[PDB]
Amino acid sequence: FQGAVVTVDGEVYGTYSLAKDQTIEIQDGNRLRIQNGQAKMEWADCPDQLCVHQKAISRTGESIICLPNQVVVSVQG
Amino acid sequence: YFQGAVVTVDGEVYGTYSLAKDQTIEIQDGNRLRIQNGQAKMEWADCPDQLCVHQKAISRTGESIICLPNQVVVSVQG
Ligand SMILES: [Zn+2]
Ligand SMILES: [Zn+2]
């Protein structure tokens, strides 16, 4: 399956299918929304809010990162 | 203040490299980043999937290139 791989401090947190609408609360500091086959950072407690402003991802290799919270979201097949 | 490519390996910041200067960053033995014409691109990697090498060049704040097998994160900050 094609999913959004989430790593926190370099450790794989989980892999979430893009084909299923879901909301992932990543260790209280980030919230990922999977909707219509795309992953987007819906909310974050980081000061810069850069992760929240990155465009939704759906293609293999694409990523969303929250550097202050060491969160990496990546699309893997 | 400058626009640069922040490189993290295993969550540790290695450095920030100005996008305004053409340079090659050899990130340990597994990844090589090329800064050229104000853009950062993964030129080479020893990873099996080669996904980082196929990612589009980045130049805008927040944009990223990641090599998941080698725990390399490249991000534009500033
Ligand atoms: Zn963030
Ligand atoms: Zn790679």
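Residues numbered from 1 in each chain as written, not as in the entry; some residues may be left out. Chains lettered and ligands numbered in written order. Heavy atoms only, no water. Residues with missing side-chain atoms left out of burial classes, pairs and counts.

A. Representation of the coordination of the zinc ion (ligand 2). Residue and element names in this part refer to chain B. Ligation of the zinc ion (ligand 2) by protein atoms is provided by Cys-47 (SG), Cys-52 (SG) and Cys-67 (SG), these donors lying 2.3 to 2.4 Å from the ion. All donors of the zinc ion (ligand 2) come from a single chain, and their spacing in sequence reads C-x4-C-x14-C. Of this pair, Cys-52 sits in the loop between β5 (39-45) and β6 (64-67) while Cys-67 sits in strand β6; the two residues are 15 residues apart in sequence, bridging distant segments of the chain. Comparing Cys-52 with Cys-67, the two get one shared label, buried. (Donors = N, O, S within 2.8 Å, 3.2 Å for Na, K, Ca; no water. Helix = DSSP H or I, 4+ residues; strand = E, 2+ residues; numbered from the N terminus. Buried < 20%, exposed > 50% of the residue type's maximum accessible area, 1.4 Å probe, protein only.)

B. Seen up close, the side chain of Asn-31 of chain B. All names here are of chain B. The residue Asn-31 is located in strand β4 (residues 31-36) in this model. Among the residues examined, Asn-31 registers a relative accessible area of 2% and is labelled buried. Side-chain polar atoms of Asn-31 contact the side chain of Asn-70, separated by 2.9 Å. When sequence neighbours within four positions are dropped, the list of residues in contact with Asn-31 reads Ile-25, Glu-26, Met-42, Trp-44, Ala-45, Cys-52, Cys-67, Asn-70 and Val-72. (Polar contact = N/O pair within 3.5 Å; in protein donor to acceptor, adjacent residues only side chain to side chain. Contact = heavy atoms within 4.5 Å.)

C. Molecular detail of the interface of chain B and chain A. Taken together, the contacts link 17 residues of chain B with 17 residues of chain A. Counting the surface lost from both chain B and chain A, the interface buries some 1200 Å², and carbon and sulfur atoms represent 64% of this. Taken together, chain B and chain A are joined by 0 salt bridges. The tally of links between chain B and chain A comes to 2 residue pairs in polar contact. (Buried area = accessible area lost by both parts, 1.4 Å probe. Salt bridge = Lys/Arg side-chain N within 4 Å of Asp/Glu carboxyl O.)

D. Spotlight on the sheet that holds strand β2 (residues 11-17) of chain A. Residues and elements named next belong to chain A. Here we have 4 strands laid out as an open sheet, ordered β2-β1-β7-β6, and antiparallel in their pairing. On the outer flanks of this sheet lie β2 and β6 (63-66), each paired with one strand and no other. Going from strand to strand, the sheet's axes swing by 15° on average, the running direction of each strand aside. Here 6 bridges tie strand β1 (residues 3-8) to β2, and the two strands are oriented antiparallel to one another. Across the sheet, the residue bridging to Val-5 is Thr-15, located in β2. (Pairing = 2+ DSSP bridges. Axes fitted to C-alpha atoms, helices over the stretch in contact; angles between N-to-C directions.)

E. Structural context of the UniProt feature "binding site: Zn(2+)" (unreviewed entry) in chain A. All names here are of chain A. UniProt's entry tags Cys-46, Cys-51 and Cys-66 with the feature "binding site: Zn(2+)" (unreviewed entry), counted in the numbering of this structure. On the basis of their most widely separated C-alpha atoms, the annotated residues across 21 residues gather in one place, lying no more than 8.6 Å apart. Here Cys-51 is in contact with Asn-30, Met-41, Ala-44, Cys-46, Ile-64, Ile-65 and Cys-66, once residues within four sequence places are set aside. Inspection of the secondary structure puts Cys-66 in strand β6. By relative accessible area, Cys-66 is classed as buried at 2%. Setting aside anything within four residues of it in sequence, one finds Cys-66 in contact with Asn-30, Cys-46, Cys-51 and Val-71. (UniProt positions renumbered as here; feature names shortened; annotations may be inferred.)

F. Molecular detail of the environment of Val-7 of chain B. For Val-7 of chain B, the position within the fold is in strand β1 (residues 4-9). The contacts of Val-7 of chain B, once residues within four sequence positions are left out, are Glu-12, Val-13, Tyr-14, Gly-15, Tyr-17, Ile-27, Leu-33, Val-73 and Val-74 of chain B.

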